[PDB]
Each structure stands twice: as C-alpha cells, then as structure tokens.
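Following: one structure in structure tokens, then a few remarks.
Backbone-built Cβ (ideal geometry, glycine too); neighbour counts: all protein chains shown. Coordinate-derived values only; no laboratory data.
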Amino acid sequence: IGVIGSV
Amino acid sequence: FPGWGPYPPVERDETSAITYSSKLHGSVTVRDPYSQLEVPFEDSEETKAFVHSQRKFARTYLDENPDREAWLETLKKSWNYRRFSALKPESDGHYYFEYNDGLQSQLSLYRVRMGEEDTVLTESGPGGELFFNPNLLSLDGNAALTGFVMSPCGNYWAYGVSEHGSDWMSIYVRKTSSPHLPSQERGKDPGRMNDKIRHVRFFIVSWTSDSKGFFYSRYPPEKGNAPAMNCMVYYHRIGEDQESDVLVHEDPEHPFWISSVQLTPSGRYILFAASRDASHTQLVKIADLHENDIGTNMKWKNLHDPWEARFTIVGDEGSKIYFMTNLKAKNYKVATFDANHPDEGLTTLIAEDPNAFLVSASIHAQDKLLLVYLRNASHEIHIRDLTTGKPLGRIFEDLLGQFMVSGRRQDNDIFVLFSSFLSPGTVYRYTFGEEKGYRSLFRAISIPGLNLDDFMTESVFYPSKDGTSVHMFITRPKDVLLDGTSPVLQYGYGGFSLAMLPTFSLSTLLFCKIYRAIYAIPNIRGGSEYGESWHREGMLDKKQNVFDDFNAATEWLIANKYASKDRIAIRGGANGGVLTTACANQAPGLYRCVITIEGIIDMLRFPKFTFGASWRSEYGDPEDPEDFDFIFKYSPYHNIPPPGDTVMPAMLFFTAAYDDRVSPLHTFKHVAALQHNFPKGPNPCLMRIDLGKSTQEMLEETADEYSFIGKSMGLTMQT
Ligand code: NA
Ligand code: NA
Ligand code: NA
Ligand code: NA
Ligand code: NA
Ligand code: NA
C-alpha cells in the first residue's frame, strides 16, 4: 500500500 | 597513490542548477554537476559510458581478491539446503507449498491432496505433485513469479510473471488441472491459457465469486524513470483478449495516486482504495456487486472521509464487513462496518493496543479471530472470539521471532511458519478445538553445512543521542570474546513503519562464523518495532533521529567491547541507503566499510522518478520551503564532507541499470560525487552493477559484498 523501497 | 586508482573520469556539467524555495534563506540555488546521469541508461551515451566504465572498474577490484571466489564457493555449498513454506489450503482441496531443493534459481510450487500431507517434505524430497516451476519460464531463471490467486471454484490459477526482473509484469491464467510437468524444456510456459494481462506494475488480483474473472490494477503502455502515472482498475473476463477488459476506475486529475480493489471473502462487497503517498491513509469507497454491473456505472458509497485512515478487509458475515483499520488508532484495530447502515460508520470490535502494532487479522475455524501483533520487535499471536471480541488467549507465545500464518475461515487448522536469526523455518500445525487447541511440529528446515547451536542472538537496550532507549539484536558465535577485537556487520533500514524482525539469513551466520564477527540489528526509529509512534519519531523533520540511533548503536558496541572501533561495516537498502550514506557523511570515522543496495540518496530530486513522489509523506516535500530546510541538512548527495577531518570509509554501491522501485540515478550521481570529492581514496568507492532475484545472482552479489568487507577491514577467512 504505496510502493516502498525495501532491501 | 593507491594501486587500484585512478577512478574512471565522469563528465561534470558546472552550469546545471535548480533553485528551491527556503523558509530560512528565501531561496537556495543547488548545483548538480551529475544531472545528466538522471537520463536512463537506454536513452544516453553519457549514462552508458558511466555505467560501463564504473562496472569494469568495480569488477576488476572485486575479482582481484581471491577471497571473492573463496566466498562464492563457501556460500554455494552452504546454501544447498531444502527450503519450503507452510502448507496453504486452496479451493481445489490441495495444500500448496513453496520448495527449493537448494540451488534452483526460484522457488517451485508443489501440492498434495488434503489428508495426504503427511507424505510431503521428507528425506526423499518434496513429495506431493509439482504444480508450477518458475525456472521453466526463462533461460537464465530471471523471470520470477510475482504473485498468484486461485479462483474460488478451484479450477483456475491467476499468476504474475516479471520478465528480466523488470518490476513491470503480465498476469497469466492456467487450469489447476494443468500443472507443469518435469519433462518441459526451459524458455516457455506450457499448459497456460491465452489470457495475457500486460502493463501491470504490482500484483493485486481479486476474483469474483462466480470465478468468471478478476479485478486488477494497470498503467498506460510502456527501462525509463519518469513518474508512475494513471493507475487504473480493470475487470478481466477469463478467456477474453485484454482489449475487452472493462474499465472500473480512472482518476485523470490525480495521475500519481495508486488505486486498487479488494472483495470480501463472500465476493459480495468491493472495496475501492486510492493512496496519494506512502502514508497509511486512503480514499475508500464500497459497492454492493449484487446491485451493479461491473464497469464505471457502479453505486460507490463512502466508507469514511478521505485521507484519515487505511482499511483492509479481514472477513464478512452477510452485510457486516470486518476491517483492520488505523482510524483514530495509529497502531491499528478491528472494527465492523454494516453495508446496510453505511451512515452509522464503523463499530470497534478489537480496541487499539496502545503498545503493539496490529500487523494482521484473519478468521479461522468459523469464529476464531487470529491477531498478529508486533511488540518488542517480534510477532505475537492472540486468539479472540469473532462474535464478542473476547480474549481466548495466546498461542506460540514461547517463540520470539516472526510468523507467516496460513489457513482459511472454513479450515479448523492453521500452518504457522516460525523463523528468527537462528531458526531457518519451523512449520507448526495448530488445530482449534471445543475449549483448547493442539500444537504439533510438522516440518523444520535443516541446514547441513552449519551448527545453529554455535550461535546466539543477544537482546540489549542502548540510549541514543537524545536519551531514547533503543533495542538491538546481536547475533554472534557463542565462543567469540567481547575483548573489543570482533568485526561487525551492522544492518539498518529506519522508515515506513517497517520493523527489522528476527529474520533467517544463512549468509549472515557464515559471515559471523568465517570472520568471528557480530551481526547487529539496532531497531532504530522510523520502524514499527515499538508501534507507529516509533515511525513518527523517525520521519520528516525527525529523520536525523534514525541516523543518530544507528551511530549510537556503533558507539555502544565499541564502548561495551563487542566490536573493534576499526572493523565496523554498515549495510542498508533503498530507504536503508539514506541511512548508510547519511551516517558515512556525518560520522565517517566510525565506519570501515559501507554497503548500500538500491540506495535512495538524492533527497531533493527523489519525487521526479517512478514512485518517488509517494515518499514525500516520509521524507517531506523538497519543493516546500519549510521541508526543504530540514531535508537539505541531511540529504546525503548534498552533504559529502570535505577531506581533512575525514578519512572516508571504503564504500560499495549495488544497483541494476534499470530499476523501477529506486531509480539507479541516486547511486550513479552519488558514486560520481564521492569519487570527485575523494579522487585518491585512500579507501575505494565502487559501483557494482547488474545489467524476484535468482539464487545464483544473490550469492554472486553476497560474495562481492563479504569479500569487499573482508578486504576493506583487513579480515582473514578462518574456514
Ligand atoms: Na565502480
Ligand atoms: Na486491483
Ligand atoms: Na537521538
Ligand atoms: Na525500520
Ligand atoms: Na538475518
Ligand atoms: Na555504500
């Protein structure tokens, strides 16, 4: 929900 | 002069600048001499020359270290262990489970008729039946499964495939009667139906109860880095060309907004949700699908006022819908909506826990409400009565780590996958009963190359610069002495309410074993570890708290003789790259090695690319005069220190040439600016570039990372 930068 | 130098030259544009409004200064003109590197690799010879020269330079330095090969072979041998998920019950009367025999590029999907599951995941192998082998899709095993949902009838399986790791995908459909066969040659997806749904950037698929079709979100047709614009909701009828799919929602006025739909388990009610940023706030509408033809001719009713709260469907009982929502409850709660009395609003079923973030709510065994809480940086499973909300007790409360819970409302049992820094994955079965339930160990992941009993994870608290108590996990060999000699690998994120949970990584335990190292996970502000208020203390004008927490963790490890002051390595990805580049800028003397993966680094220009504008809720709006002032103070691209008080640590940046999630321009520009600011090192700054990641690629990247840390901190491999 959103597009998040992770890893 | 260092033997590895000099750096590849990078063209500067000394005239390229943007003026920003500032509350303090009126306006600030910022120069960006690497602005040309914002042009995608595909569209610019300059960007191509930079990538190619920087790639070869990094590859030369990394491959010159014999420990690079030593690490690759160590990782490859140790990673050859069987991996699997919990069993997942589906509407075709099979359990489905992910399996990897050890060194396959991608996880395969297997299945077994319910009642025959005692025959799977043995010494002999996965057992059951092969359903879907993603490795067949591409030659190199780079095409990955991005998601799947079985139709309610159990006859159809909708699934997402991204070609070339690109974060665009197509959605395909196959019959559950059409499993992959072991005889199939690679390069093709045999047995699939003609359905091809292109122009999808995220997998959210919701079948109608009639199994005739599914809702999905897509974009206009399009490697590039322009903003993600004009998200639309479509309904695809099974067997039709995508050109026939009916438009359900567009909002031409707000092209940056992301939109999707979810159906209640019964298939009767559809929830529309739009988000305008990364915050947990939505514009939300409900339609009764029994009153509407599918299309733009539907009677949408408002669930709540827009942009106050997020709403996720957790169940339904006729007209009553169960929601997990943060409405006037930042740590989330469970509330009921009656679609028959939409003006009466939401009724609280499970009150907010003021000291615990509610991660998921799901219904099991008809009327058991299972809540997963994040408290003290780990998962808790609470059972509630669905009808009253009354507490029925805890289960698995002895296990401190994370859980994936599997099972549906109609199933009397669940499968729970438990993992931690030290547990690679135990699948428990829990069977609900009349008064009390039954817990059994189903299957555990076993690692033949490693003795987990050699390792421990410590739980400590340390004070930050402002005196805030921060929790930290410390994984190490039991027999490493706290005599201030050990190297550290310290990993952080700090943002977007994402908790750093106990998480199994064999690679990190091998780092601890081979280098007699400690693996440190400070639960810094920006995450959800201590609830949503932990995020709020680590965002916007308080982002500096995140860096101070991380720095204070390093100083605490040195002060308490866990770690040599001369052997601190830090690591971070995406938002975690704000962390590593800011900390490198603000206390370079603390760090001996900095690993940045897919870093967000230009805190002024982030909104201009792909999904960056959504992150304004986290970082602030750089084009807002008040926000500009606190962003500019830490923006790592703009705060590289002068040489002199500063010996810059060795630094390795990982990125792809094309990446939709974080535009590689952040890494491109920062690497150029660092090389330019520190042209003679003495510690090298390198860009490692790759032209649903494969096992091979993950290990080759891990081998570069570990061998580079080893070289930069003077470590000998003690195999
Ligand atoms: Na390089
Ligand atoms: Na959707
Ligand atoms: Na602080
Ligand atoms: Na975090
Ligand atoms: Na780990
Ligand atoms: Na780095």
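Here are a few things to note about the model shown:
- Average Cα contact separation per residue, the range B:68-151, under 8 Å, 6 or more apart, as relative contact order %: 21
- Efficiency of FRET from Cβ geometry, B:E243 and B:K175, R₀ 30 Å, rounded to 0.05: 0.85
- Extending 7 Å from Cα along the Cβ direction at B:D251 and again at B:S209 yields two label points whose distance is 2.8 nm.
- Cut-off 14 Å between beta-carbons: net charge of the residues surrounding B:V427, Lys and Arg +1, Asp and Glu -1: +2
- Cross-link reach list, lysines versus B:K76, counting only Cα pairs under 16 Å and skipping chain neighbours closer than eight places: B:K513, B:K693
- Partner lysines whose Cα lies under 26 Å from the Cα of B:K328, excluding those fewer than 8 positions away in the same chain, are identified as B:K285, B:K301, B:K320, B:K368, B:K390, B:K542, B:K543.
- Each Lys and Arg Cβ is given +1 and each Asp and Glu Cβ -1; about its Cα centre, the range B:82-446 then shows a dipole of about 480 debye.
- Net charge of the neighbourhood of B:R661, taken over other residues with C-beta under 11 Å away and scored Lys/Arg +1, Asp/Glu -1, is -3.
- At an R0 of 35 angstrom, the distance between the Cβ atoms of B:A444 and B:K188 translates into a FRET efficiency of 0.45.
- Each residue of the range B:30-40 is assigned a 3J(HN,Hα), and the resulting list reads 9, 8, 9, x, 10, 4, 4, 6, 6, 7, x Hz, derived from the Karplus form 6.51 cos²θ - 1.76 cosθ + 1.60 (θ = phi - 60°), x at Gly and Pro.
- Annotation: amide H-H contacts under 5 Å for B:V246 (H modelled 1.01 Å from N, sequence separation of 5 or more, or interchain): B:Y235, B:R237.
- Hits among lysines - C-alpha to C-alpha of B:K680 under 20 Å, sequence gap 8 or more where chains match: B:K56, B:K669, B:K711
- Close amide H pairs (under 5 Å, H built 1.01 Å from N) link B:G573 with A:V7, B:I597, residues at least 5 positions away or on another chain.
- Each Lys and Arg adds +1 at its Cβ and each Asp and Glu adds -1 at its Cβ; summed about the Cα centre, chain B shows a dipole of about 1120 debye.
- At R0 = 45 Å, FRET efficiency that the Cβ-Cβ distance of B:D411 and B:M456 yields, to 0.05: 0.75
- Farthest towards the positive end of the charge dipole of the range B:82-446, among the residues B:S211, B:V149, B:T426, is the Cα of B:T426, using unit charges on the Cβ of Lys, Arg, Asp and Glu.
- Only one residue of B:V51, B:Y493, B:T610 has its Cα farthest out toward the positive end of the dipole of the protein assembly as shown, where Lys and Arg carry +1 and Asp and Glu -1 on Cβ, and that residue is B:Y493.
- Over the range B:488-588, relative contact order from alpha-carbon pairs under 8 Å, at least 6 apart, %: 35
- Amide N proximity, the range B:73-110 versus B:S124 label position 7 Å along Cα-to-Cβ, cut-off under 13 Å: none
- Here chain B carries DSSP beta bridges of which approximately 85% are antiparallel, counting only pairs with both residues inside.
- For the range B:347-353, 3J(HN,Hα) computed residue by residue from phi via the Karplus equation (6.51, -1.76, 1.60; θ = phi - 60°) reads 9, 5, 9, 10, 4, 3, 7 Hz, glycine and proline entered as x.
- The protein assembly as shown - charge dipole about Cα centre, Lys and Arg +1 at Cβ, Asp and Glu -1, debye rounded to 20: 1120
- Computed on the range B:534-605, with alpha-carbon pairs under 8 angstrom and 6+ residues apart, the relative contact order is 29 percent.
- The H on the amide N of B:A444, modeled in the peptide plane, is under 5 Å from the matching H of B:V427, each at least 5 residues off or on a different chain.
- Net charge contributed by nearby residues that have their C-beta within less than 13 Å of B:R384 (K/R +1, D/E -1): 0
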